[PDB]
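Shown here is one chain on its own, the form deposited in one PDB entry, set out as structure tokens.
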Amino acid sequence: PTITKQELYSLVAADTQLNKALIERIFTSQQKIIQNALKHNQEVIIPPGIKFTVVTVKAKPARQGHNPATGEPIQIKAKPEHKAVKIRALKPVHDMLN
């Protein structure tokens, strides 16, 4: 399972009866549109209805974890504050199973 993006390019290119090079071409630009938008603190909604959003994640300190299998305490490095791209589904995405 788990159809990859390269398989998706081919899957779409075959259905539309078009070269896969154009398929990646159109998608590569869409990618740039998204990145440049989020870099300018915009919100974007893309097919099939996914909304892109810049958001702030508050810093999290360190805390030493433990591994059950290897039995060695494993420290996680404290994660400072940073921005993260948050996506969330919208109307047609859930409707896809109707």
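Start at 1 with the first residue shown and count on from there. Here the rigid core means the biggest group of C-alpha atoms that line up within 1.5 Å when the two forms are laid on top of each other.
Just so you know, the form deposited in another entry exists too; it's not on screen, but the next bit is about it.
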Margin query: Only one of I76, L90, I87, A13 crosses a C-alpha shift of 2 angstroms between the shown form and the other one, counting 2 angstroms or more, core aligned. Which residue?
Written below: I76
Notebook entry, point to check: Rigid core fitted, is the C-alpha displacement of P47 between the shown form and the other one 2 Å or more?
Noted result: no
Next item on the list: Align on the rigid core first; then say whether the Cα of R63 has moved by at least 2 Å between the shown form and the other one.
Entry: yes
